[PDB]
Every structure is written in structure tokens, then in C-alpha cells.
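This report refers to the structure that appears directly beneath it.
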Ligand SMILES: CC(C)CCC[C@@H](C)[C@H]1CC[C@H]2[C@@H]3CC=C4C[C@@H](OC(=O)CCC(=O)O)CC[C@]4(C)[C@H]3CC[C@]12C
Ligand SMILES: CCCCCCCC/C=C\CCCCCCCC(=O)O
Ligand SMILES: CCCCCCCCCCCCCCCC(=O)O
């Protein structure tokens, strides 16, 4: 029974900061690769960042590079995103996703067609 | 031997139509075509010319090519892609004008690093050049805020600009191309390569490009067998 | 009103989990601790079948235990005699990307399907001596994954649009639709009585379906990745599954839980196919590392290895009398194995 | 989205109220079936080569 | 009756080694139905010719030293000449097949290739046979109507024409490999431009240097030598022509991947 539950989010102001957490259960956490995706009102799903099995390779998208920081804790099976200096364009729902197979170097996990190994998401609103 | 010598003879007539059919199929090259909605894939198909797959056929210098297109399938590609592990090449069409270039690059990376697709080559068509040429001259710098490192880029030495073409469109084109070559020349093996071309909307020379890329692919495979490359 | 329904679903899941945990008094591997091991299983190749020119992708035995059918990606469907290696039939398909085939329990029809969203049915009796297309079923909206005859006039299919269907061949129309999976359906298995069937999907889940009613009775979870294969235990009260997480598992219907797990530390590749033996004591599995493993099903101990293929092993089968095993792989050859 | 949740709740309610049996009884039945048909598994007890259709 | 020298024992040892190597190669090739591509046929032809030349050196030392006969010596000399001619022909055939696989790369898997391979094999062995019946008929000695060459039971014109044929074959191979080098250079420059030549140079040096440095001495000696030179010259210039039959299987057969996998599975 694969389960992923997100925590954090809420309403903040420009220039603020937040810390989103993702707790996983039902699989061997350290065998898989993890990533963060988001969906904005009136748009589709967008890939934000990814981190590998150990944490020696990290990848960011162009617009959030330098402001976000991803990390994982393998002993407590947790994923963390630290968001700094928010902007109004960062108002969206955020999801924590896992790649389909272990010991593998690629992933197909952004589909709207009900990808099975991601969570329910958490809402982040930035406004005055 | 009335029961035999007739079932043994029937099995030999079947085995010669099997070898005769496989003789025509050894002179034909099969391609896989991928794109998206924005990319002008339909115009390319038309220029070269509710079901699961479509097929088109063309012939160049008495050589035959078959090109296959995916129709009524779902959004998730990770299972039916494995059927295409012995094609000669994959043609990838990219509309170079939501951050759609980022997800195109992500799909290219997943294709490149997948097992059972590690020996297949890619021909890259960077479509819709006139849209970029019009957009970058009207103060629309989407590259500057979707790709920060474009602020630190200069034209490469091996650039061959067309006459009467501004430097800015040249920098944009070669930046977008080097984005794909960075992935291509990173985690290869020596067993497959990438062939990029700049394509307009409606053109008349893509057939020669496919011909030449396939010929180079087969020559390189052969040269790798003989320990000469 | 998503919050209330989600909370109610959570409460129902908790109740189900508690009711299941209240029953697991003992484990299977404890009750089978005073059982003699089977020993060492050596098996040897008797035949090799040649003639396909691309990768073979599916096979199926006939009920007489002598003839078999196979499907390749060169557009060919070949019917083989196994005692002699004579080619009895060779049928050219209209499409190249076939992914499944089936052989009727009576011996008069065959079927196939693939990436063209159609199921094609061929008549073998052929008063004029020519095999010709007899039927085409054209209702699914995603690629065809598996199919199995119930009788001469009914067929069950699974599709890569997250659905299963029961078809009446005579009129060419669907009779029942089975929905409820949220991922592509990969395999199905008919019961010995054919009043029920199990199904496994690319959401790490299996389900049990009633053919006449059209509803889902039980759902089984416990794997971690996509399920690729499934089959019944010989008496129809249990089944076995294999996934991409490199593990096999045995599930029971009446206890509604999991009983046994088959894995090892040196195996890091997925599983393509599974099958039982006639008595139900051995379990045979095929892998992506070009080999096949034979497990003792009552004690979760390895008992043998088959190693004869140079590419990915794609299909596996055992006859109704249990005297031979057939394996096919991506290197275009079929091999028959027997025990001395 | 609401209708899917309603259908899921209905299916869970249907699946919750079914009868179960102890694990030990099922294991005993499975072991009894395996032991009752041992003398008729040719892959477990190979036959002499005279009776082998493939040799 | 005559007491042998050390050179005879050395030749016997070389023949034994050549025979063992080529027998193993032939056994590996013929024992698998998947090795039926034309290049496998050409490599197998080369291996069979080398094996015949290997077993042909064990019938020239234990025939005039241990059985005391004369006709057998003549027959075995003819067999050796035919085997060497066949090996040269097989090398030329392999080179032409590689050039054609590069030049017609896009229409290379078809029945025309098989027909061409059959014709090439027929021509190679027909020529080898047609230059392997002179030592038994119409080219002998002990008649006064000829002059005996460096080898005892042969005339002089036979060696001269064989040398001319060898020079022609060498020139043809040089031209073909020049064309192959042009193709390789173009591909290498294109690859290296986009931030990606020792293999080519090393393989070419081995392939085109072993042949010349093993066969030129004897070929030149056949022209400059006569029947009055001491036999030590013939014993000293005839050894590299035998070492080439050991060098060839390593270059052309044992560096393939399928044969390496099969050998690793079998021996280990
Ligand atoms: C010992 C001596 C007498 C042997 C002489 C052998 C030659 C007569 C043979 C061996 C190599 C052959 C060549 C191998 C390669 C080619 C390239 C080939 O190019 C083509 O394929 C274009 C012609 C076509 O495609 O029909 C033309 C024939 C040619 C020159 C062949 C001509 C005949 C050659 C020189
Ligand atoms: C096709 C091109 C021509 C190739 C030329 C090959 C030359 C071969 C000629 C002679 C073979 C050697 C004969 C001597 C046998 C050994 C006798 C001895 O040991 O004394
Ligand atoms: C030992 C005598 C040497 C004989 C040499 C035989 C090999 C000659 C090969 C000639 C090429 C035949 C194929 C030609 C192909 C073409 O013309 O397209």
C-alpha cells in the first residue's frame, strides 16, 4: 500500500519562506528517486525538482533555481523542500512524486492521467 | 511412411515462403516519429507523404522507408514504447518557440537513458524558426527568465549563419541546440549519436536529411564492428 | 465535500486492515517446517524451434499437449507440432505489432491483438483449406494486452485503457465491461471453473471479478510496483503475482491476505512471466536477466535454474499433463525443457 | 471528483463486510492438496525414458 | 635414414601450433547455426586453409625422415603451395567484402551479397587449385628442360609468377584501405567537432604490417635466389610465412564479441 502524505503550505506574503515536508510509507525508501511537481490554477502539471537515491545529484528548473532547496532523510523516510523569497507566481498546489521502478535512471511521472505514485498535494498561496 | 513424407514435405513449402518474405523486408528501413501538439508534426508528415497507429511510405534512390505515428493512445508511454527497440531511428520534432521546452528536454532525457533504447539514434527537427525570429526582435525574452544561463552565452566558433540573419536569432538557435547536445554527449556509450537540423515550417529537403542520417548511422555501426572507430 | 468522503474512506480502510490483522494467527512458513525439501531439479532442452525472424513475444499451449501457437513481431503467427518440430501453419497478420495470442480449448480457432486496438479471430477448420480472418472486435480505446477463450462464442480481453471486457463473437458486440482499475491492465487468469477471474494492473494492485454479475468482489495489495504476471494455483483457491520490484508473492482468497514472498538479495531485475506445475509444488518464473528460476512453493527456497537464452525471456508455459515446459525469448527461438 | 469518491465509498462498504477464515486452516488445506497429488507430477518425479514422448 | 636438423623440429612445432589454433577456430565456427553471415563464411574459409597448411607441415618431416618415400613429398609440397595461395585469396576476399559493406551500406543486407560471396569463394579456391597442380605435372625437375628453383621439386617460372601475383594483391589491398581511411577520417572529424584516432592507426598498423613483414622476404628471395644458395636461406625466410598463419586468427576471429562470449561460456 504505497502512501505519501504532504505537510506545510498556507498563506504567506512576498519575500517570505516556507518548508514543505513529504512522509512516505509502503516501500523501501532508499531504493527510489524522488521529485517535486506543482500545478497552478488554470494550467497543467509542471516539474519543479528532483533528487536521486543518495542525494549526490540534484536538478532544478530554470525559474526557481537559486531559491529552492530539496533534501531527503533516508533514516526517517522524509523529503523536504525549502522555499525562499516567494513571488505571486508561486501560488499553486504542490505534489511529491516517486519514480516507477527501483535501481533505474529515468522516470515518466508528470501525466494528468492519474499517476498512481503521487500524493494529494498541499496548497501554497502568496498575496499581500 | 504414408503419415510422414507428407507432413515433412508440407513443412518445407512453408519454410520457403518464410525466407522469401524476409528477403523483401531486409531492404526496408523503419522509423519512429515523435512530437507534440504545438510542434508542426502534421505539416512534416504531409510534406513527406480512431486507430492505434498510422503508417506512411516513401522511396528515395530506390530505397524504401516506412514511418510510423502513434494515434489513439493514453498519456502514459512507459509500456508501449518498449515495442520500438529495433527501429533504425527516432525522429524528434520540437517547437522551438507553461515551460514546454523544459518538458521536451525531460522527455529527451528519459528516452536517452532508458534501457532497451540505448542503441538507437535520434534525428532532431527544431521547427518554427520564423516564429523565433519574429519573437526575439520584439522584446520577448522568455529565454532570459526561463533559462538564466542564457545571460552568460556567446555564439560558438563553428556557427554558420545564413546571410542577412541577425546575431540575436543565431544566439537563440545555438543556445537551444546546445541544450540538447549537453544531454546527448553526457551519458552516452559510443553506440548512438544525435543529428540536429534547423527546420522551417514547410520545407522540401527533409527527405535528403533522413536519407543521409540513416546512411551515416549504418556506416558508423559497421566501422565500430571493424575496430576502426 | 471531498474531506468527509476522504475521512470515511480512511476509516473504512482502517476497519478493513484491523479485520484482516485479527485473522493472521500463524504463518505459512511455520506450518511447513517439518517438510522434506524437494532437492535439486535438473532439466534439459529437448527441442529448439526455428523460423521466426524477429523477437517472439507470446505463446500458448493446446489442450492436447502436442500443438502450440506463437506470435512474432515480423507479422507472423506460427502453429507448431512439438514432438516432431514440423510447421503445421503459418498465418500472415495485417499488423506488425502484435502483443498477445490465444488458442481455443476446442482447437478450431485462434485469436490475436496488439497496438491497433483490435482483436482478430481466425478460423482453422477451413473447409477450403485456407486460414482466413473470421472476426474483428473493435471496441477498446487502448492497446490490447491479453485475451482468453471461454468457449467458441465468448472471449475476455484486457486493454491498456484500464478496462476489461467480455465479448460475444457471434454478433461482434460487447456483453460486459469491468472497470475499477486506475492503471494499464497487464494480465488475467481464468479459473478452472471459469465463473471468476483475477486481473493485475500497473497500479500495484490485483482484483477478483465475477463473470456473470459484472462486479468486483476483492482487491489485493502488497506489492510495490507494476504487476506483470498472474496465475491460479491448481485448485483455484490461491494465486501468484510477479512485479518490477523483483519479487513474487502468493495470495489467498478465503483468508484475504498474503501468505508467502519469493525474493533474493542478488536479484535486481523484474519478472516477465510465472507458472505453476501440475501438482502445485514448484513455481517457475522468468526474468529480465535472460534466465528462469524454479522455486519450492511451500518453503520459499530456490530449487533450480534454466539458462539457455541470449536475450530477454518473454514467455513461459506448462502443459496440462505436466511433462514439458516451453520458454520463448527476444532472441527469436523457442525451447522445450524436460526432466530426466 | 465527488462522484468518484462516492463510488469508492460504496465499493469499500461492499468489500468491508465479508467473511474471513484463519490463516492456519488455509495453509493446512494448501499443504494437503500439495501432498495428495505428489505421485503424479512428472516434473517432480521424472518418468523413465521409455515413457517420455520427447525422448 | 637421414639425420634431421633443428629446423625440421622447429617447422614441426610451428605446424602443430598452427593446426591446433585453426582447428579450434573451425570447430567453434561450424558448431553454431547462427554463424552463417558472409563474413563468417570468409573467416571460416581462411581458417580452413590455415588448418590445411598446418597439417601439411607434419607430412613433409615424417615422410622423408620416417617413412622413406618420394611421391608423398611431391604431393605434400603441392598441397602446401595450394594452401598458401588459398590463404592469400581469402585475405583479399575479406578486404573486398569490408569495402563493399561500407560503400553500399544502405542496401547491404540482400541476396546479392550471398551470391557475391559464393562467387568469391569459388574464384578463390579455383585459383588455389589451378596454381597447385604444377608441382606434380609440367613443372617438375630431373628432365633438363627446366631449371630448379629455391625449393627442390619446383621449376623457376612457377615461383616468379606466384611472386607477381602476390605483388598485385598487395597493391589492391593498399588501394582499398586508402578508401576506407578517407571514410574513417570524415566520420572522426564530424564526431570530434561537437565535443565528444588511435584505434584506426593501431588496427591498420597490425593488419597492413603483419602481411608485408611476413611475406616480402620469401617473395624477394624467389626472384634473387637460385639453386646454388645454401638451404639455410630457405629455412630462415620460410618461418614468418608460417607465423602469419598464427597471427591471422587472433586478428580476424578471436576479437569478435560472440566468439568471446561462447568461448568464455564453454571453457569457463
Ligand atoms: C591476382 C589478381 C589478378 C586478382 C585481381 C582481382 C581483381 C580483378 C578484383 C579484386 C578486387 C576487385 C575490386 C573490388 C572493388 C571494386 C569496387 C566496385 O565498385 C562498385 O561497386 C561500383 C560498380 C557496381 O556497383 O556495379 C567496382 C569493382 C571493383 C573495382 C573490383 C574490381 C575487380 C577487383 C579489382
Ligand atoms: C595468390 C598470390 C600468390 C601467393 C604466393 C604464395 C607462395 C607460396 C609458394 C610456395 C609455398 C612453399 C613451398 C615450400 C614447402 C616446404 C618445403 C620445405 O620445408 O623444405
Ligand atoms: C588466390 C587467387 C585470388 C583470387 C581473388 C578472388 C577475389 C576477387 C574478388 C573480385 C570481386 C568480385 C565481386 C565484385 C563486386 C562488384 O563488382 O560489384
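Residue numbers (the entry's author numbering), protein chains in the order written: chain N, 1 to 128; chain A, 13 to 61, 204 to 251, 263 to 394; chain B, 3 to 342; chain G, 8 to 62; chain R, 37 to 232, 242 to 313. Ideal placement from N, C-alpha and C gives every residue a C-beta, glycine not left out.
Paired residues, beta bridge with residue i - DSSP
i: residue 329 (chain B); result: B:318 and B:337
i: residue 13 (chain N); result: Residue 13 (chain N) is not bridged to any residue.
i: residue 134 (chain B); result: B:125
i: residue 308 (chain B); result: B:294
i: residue 362 (chain A); result: A:290
i: residue 100 (chain B); result: B:116
i: residue 94 (chain B); result: B:78
i: residue 44 (chain G); result: Per DSSP, none; premise fails for residue 44 (chain G).
i: residue 83 (chain N); result: N:18 and N:68
i: residue 33 (chain A); result: Answer by DSSP bridge pairing: none, since residue 33 (chain A) is not bridged.
i: residue 232 (chain B); result: B:243
Beta carbon of residue i nearer than 8 Å to that of residue j
i: residue 372 (chain A); j: residue 212 (chain A); result: yes
i: residue 203 (chain B); j: residue 185 (chain B); result: yes
i: residue 262 (chain B); j: residue 302 (chain B); result: yes
i: residue 200 (chain B); j: residue 166 (chain B); result: no
i: residue 209 (chain A); j: residue 222 (chain A); result: yes
i: residue 70 (chain B); j: residue 77 (chain B); result: no
i: residue 131 (chain R); j: residue 212 (chain R); result: yes
heavy atom of ligand 2 below 7 Å from residue i C-beta
i: residue 103 (chain R); result: no
i: residue 261 (chain A); result: Because chain A is numbered from 251 directly to 263, the model contains no atoms for residue 261 (chain A).
i: residue 113 (chain R); result: yes
i: residue 121 (chain R); result: yes
i: residue 187 (chain R); result: yes
i: residue 357 (chain A); result: no
Contact test: residue i Cβ vs ligand 1 heavy atom, cutoff 7 Å
i: residue 208 (chain R); result: yes
Residue i, buried or exposed, once every other Cβ within 10 Å from all chains shown has been counted against 16
i: residue 124 (chain R); result: buried
i: residue 332 (chain B); result: buried
i: residue 169 (chain R); result: exposed
i: residue 92 (chain R); result: buried
i: residue 46 (chain A); result: buried
i: residue 6 (chain N); result: buried
i: residue 252 (chain R); result: buried
i: residue 29 (chain A); result: exposed
i: residue 13 (chain G); result: exposed
i: residue 127 (chain B); result: exposed
i: residue 75 (chain B); result: buried
i: residue 47 (chain N); result: buried
i: residue 139 (chain R); result: exposed
i: residue 295 (chain R); result: exposed
i: residue 123 (chain N); result: exposed
i: residue 42 (chain N); result: exposed
i: residue 54 (chain B); result: buried
i: residue 57 (chain R); result: buried
Closer than 7 Å: residue i CB and nearest ligand 3 heavy atom
i: residue 124 (chain R); result: yes
i: residue 156 (chain R); result: yes
i: residue 152 (chain R); result: yes
i: residue 160 (chain R); result: yes
i: residue 50 (chain G); result: no
i: residue 128 (chain R); result: yes
(Q) Within 8 Å, do at least three Cβ pairs link the region 242 to 256 of chain R to the region 13 to 26 of chain B? (A) no
Q: Answer yes if the region 68 to 75 of chain N comes into contact with the region 85 to 95 of chain N, meaning at least three C-beta pairs across the two stretches below 8 Å, and no otherwise.
A: no
**Q.** Shell residues, 5 Å Cβ cut-off relative to heavy atoms of ligand 4
**A.** Among the ligands present in this structure, namely ligand 1, ligand 2 and ligand 3, ligand 4 is not found.
Q.
For the region 33 to 47 of chain A against the region 29 to 43 of chain N, do three or more pairs of beta-carbon atoms, one drawn from each stretch, fall closer than 8 Å, so that the two count as touching?
A. no
Q: Would you check if there are 3 or more beta carbon pairs closer than 8 Å linking the region 326 to 342 of chain B to the region 50 to 59 of chain G?
A: yes
Q: Assess, as a yes-or-no matter, whether the region 17 to 27 of chain B is touched by the region 11 to 26 of chain G under the definition of 3 or more beta carbon pairs within less than 8 Å.
A: yes
Q) Hey, is the region 355 to 362 of chain A in contact with the region 281 to 289 of chain A, meaning 3+ C-beta pairs nearer than 8 Å? A) yes
Q: Could you say if the region 270 to 286 of chain A and the region 311 to 318 of chain A meet the contact criterion of at least three C-beta pairs nearer than 8 Å?
A: no
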